[PDB]
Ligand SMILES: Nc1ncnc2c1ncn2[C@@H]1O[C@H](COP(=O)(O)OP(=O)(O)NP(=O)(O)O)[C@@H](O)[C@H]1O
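We begin with a single chain expressed as structure tokens, specifically the form deposited without the named molecule.
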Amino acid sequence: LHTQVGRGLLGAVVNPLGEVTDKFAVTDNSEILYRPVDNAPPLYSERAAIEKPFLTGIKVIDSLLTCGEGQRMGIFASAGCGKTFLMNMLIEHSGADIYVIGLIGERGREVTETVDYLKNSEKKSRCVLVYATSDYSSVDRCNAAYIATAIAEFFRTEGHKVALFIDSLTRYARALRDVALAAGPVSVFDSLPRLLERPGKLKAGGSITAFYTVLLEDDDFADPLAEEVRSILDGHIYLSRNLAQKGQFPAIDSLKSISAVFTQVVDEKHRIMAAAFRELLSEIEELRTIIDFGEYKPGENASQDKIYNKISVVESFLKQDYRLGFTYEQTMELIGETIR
């Protein structure tokens, strides 16, 4: 019902009972305080408008899907689509004060992979990991999400710019379903929208910008749950199995992805360039079909040939080594080159 919070958790791995069970870093701050794991969301009047970009260092996101401080963004992917590597990039190449990761996963190996990632991360001294494995009870799996969120809420009240990751909402929701069945005004199912409303920028405080993962099954298809979360969140990033099998990483399909706060967090010249780039992406997808139909013949259509010769520079812009991060200025310089 209550959990540890505070700067003393930075570098720690926390289990569903809210106890530190491992460490991927040690810091000289030992602050440990206690807070309830369930808290009402902010009043509308306590929230600030999302108006400042949350930069990710990822070219396709910062140019076409720009996130804002306080936003909730869904990450939708099938099992082999690089969800975890994307999450690692979002941590490594963004600029948050503090990162809180809640893993509502399956095997301990997955957890251990994240711990060893964090052990070697530049961000290790500013991260907290909360986990629940498949072996823990459904109650414990749900609580891991609340604990992670409550830890983030403390850092927000202190004025920090916090990034929160919940992987995955899907396994959170399935645990919630089991907890509900154990019980049969309040439904155990309402714990999903009350969880998702907790992030945001506060007028009196800092912010929580939150990324929630959703699994797609079989083939990039949208669960009823996928549909419900999509409607609650402020946007979604879709990782395409097709793009991944083509070797494009990150496998973000920007034409099927959206940030709802985009026009609110970037300026006009950015808006113009992104719109132009999206039109070019659309033209490339049309040409790709024509090529598959065997109807593309060089020299027959000058506009088609011009689009053909842009495919390479566009793919190069979208593609990104997971170890590399780009500044906003760099990203906008690069996208300008591609549309020219």
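Each residue number is its position in the shown sequence, starting from 1.
There is another form of this protein, the form deposited with the named molecule bound, and it is not shown here; the text below is about that form.
Contact with the named molecule in the deposited complex, judged as any non-hydrogen atom within 4.5 angstroms, is confined among 131 to 139, 190 to 198, 248 to 256, 157 to 165 to 248 to 256.
The candidate site formed by 79, 83 and 89 is fully in contact with the named molecule in the deposited complex, as each residue has a non-hydrogen atom within 4.5 angstroms of it. Though the named molecule is absent from this view, in the deposited complex it lies within 4.5 Å of a heavy atom of just one residue from 178, 110, 228, 217, which is 110. Although the partner is absent from this view, residue 328 stays clear of the named molecule in the deposited complex, with no non-hydrogen atom inside 4.5 angstroms. Of the heavy atoms in residue 321, some are within 4.5 Å of the named molecule in the deposited complex.
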